[PDB]
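Taken one at a time, structure 1 and structure 2 that follow are two forms of one protein chain, written as structure tokens.
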Structure 1
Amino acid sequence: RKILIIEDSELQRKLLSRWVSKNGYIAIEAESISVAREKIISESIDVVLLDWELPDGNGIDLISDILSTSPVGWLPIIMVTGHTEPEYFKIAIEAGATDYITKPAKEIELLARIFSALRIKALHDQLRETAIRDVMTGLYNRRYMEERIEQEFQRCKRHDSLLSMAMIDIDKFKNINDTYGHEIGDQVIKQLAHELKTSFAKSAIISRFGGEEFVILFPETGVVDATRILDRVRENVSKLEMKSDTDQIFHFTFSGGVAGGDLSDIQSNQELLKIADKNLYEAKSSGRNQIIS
């Protein structure tokens, strides 16, 4: 939905912006690489349009520059250039660009390229989500966890076994990214993952359910025990001295909602997630850094 337009020429940049902004998308402008880098760290950009003819140096500078500024680590870059020669397309790909427009760009070429970049990102994402384990944390991904939730709920319901579920979410994680950078944000996510993996019984099933959201099943554990064990981890996390890029100490916290225990009057695993999500929201709404059950 969000498109970054990098182009020195004010009239050409505003014309590209109008075309993006007209055809349903949100346009974001940069006149130099300087202001561009601010915008990739600042907002979550879905696609990049890049003038391959900028102030200083060609774009074996630029393309590689844009890619490692990216908080997520990869991003579709569409090249905008007057280089018509087939040779120049290859160098752009080998440099790590996604696509290519010969200027003067037509409304049609521009829409086509953006649609293609977004289709590939979406397919790339659907594929990464079929993986069992999240690469950065080693925890279960969402789709696998959803199959394990359905299975453990069916099993616990048939066997009149206890099953407690927690949904936790880092408190104001965007401010950690904005203030200290995405690399420090990664360290904070992996530190929470480490605490989650080292604190619960082997029997607990731990998922990275979203960017900074974690779902934990506690088979044979009632809501009161699950709450106290999760609250001890919440407490240990609030006391972690994290170090910034420049060695400043900062703290983070998470909020958590716990649902289930006795499943006798919970008809489905979706109802269990609904209750954990409601308790999460109540935790988020009542001062954060707490557990609601």
Structure 2
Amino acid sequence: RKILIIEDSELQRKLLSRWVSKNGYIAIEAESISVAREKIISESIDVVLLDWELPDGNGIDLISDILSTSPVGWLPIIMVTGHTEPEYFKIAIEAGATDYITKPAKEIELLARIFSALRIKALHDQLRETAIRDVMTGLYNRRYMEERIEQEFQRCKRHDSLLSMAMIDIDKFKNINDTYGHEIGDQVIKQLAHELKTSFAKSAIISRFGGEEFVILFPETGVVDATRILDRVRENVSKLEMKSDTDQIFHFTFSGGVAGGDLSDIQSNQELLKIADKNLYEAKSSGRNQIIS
């Protein structure tokens, strides 16, 4: 849907952008490398059209940086340059570009190569989601959340920016499987997953870390702010009326351990895990159905 066009020439850039917007895409113009970096950071991009010679650098150098910013990890990049030498073609593709059009770009071909780029991007995005999300709940699975804590932790140390973590665990869940069966247990987990998915800010990262265990990172959020939010959700879950398959009404609760905030005195990300884990056991021994931070 959203396409970023990096070209120094006014005439060429306004032309390309008219063509692309005309077929129902959103066009994002960038007159320079400097303005391109600004647009990548600030807007989710599906395809890039990339000039080679910009007034403030070379497209090749920007390819690397685009792929490492991409929140999904791969993005189709199509070169649109005056450079016609086959050596320049091989270099761009090897640098990470997907396609390469020599100027002047022709409208029919351009829109068809964008079609082909977005088709592959759509398949990639689906394959990615099935690899990193848990099948039953559609939350992030463990093997991916581990990598994302690491990469999210480092990111917030190499910046003066807060990062709170919650670890939650369903109260007396083995008792629920024994009373109402595995199949009702599965439904309770699915219901909690759906409440977590819809209750937090869009930046919050939610994982199904174990059978009945969940971990949530809150970027740019203090420990106190994360705790009030998670305590509203815990209140909401406690007042849900669940039905068994024999029309028995029942409630469930979860316990929470919160950690992080100011990360100054926390050295590795695994120290963040253990503070949250210690707090969750605090919550379990302190009467359950509560958050501790």
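Shifts are known only where both forms have a C-alpha. Numbering runs along the sequence of structure 1, starting at 1. Between two forms, the rigid core is the largest collection of C-alphas that superpose within 1.5 Å.
Among the residues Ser244, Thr253, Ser268, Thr69, the single one whose Cα moves by at least 2 Å between structures 1 and 2, once the core is superposed, is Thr69.
The rigid-core alignment places the CA of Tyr100 2 Å or more apart between structures 1 and 2. Annotation: Cα of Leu111 displaced by at least 2 Å between structures 1 and 2, core superposition.
After superposition on the rigid core, the Cα atom of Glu195 is displaced by less than 2 Å between structures 1 and 2. Core superposition gives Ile132 a CA displacement of 1.1 Å between structures 1 and 2. Overlaying the rigid core between structures 1 and 2 leaves the Cα of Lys90 displaced by 52.5 angstrom.
Superposition on the rigid core leaves 1 to 131 as the sole run of at least three consecutive shared residues whose Cα positions differ by 2 Å or more between structures 1 and 2.
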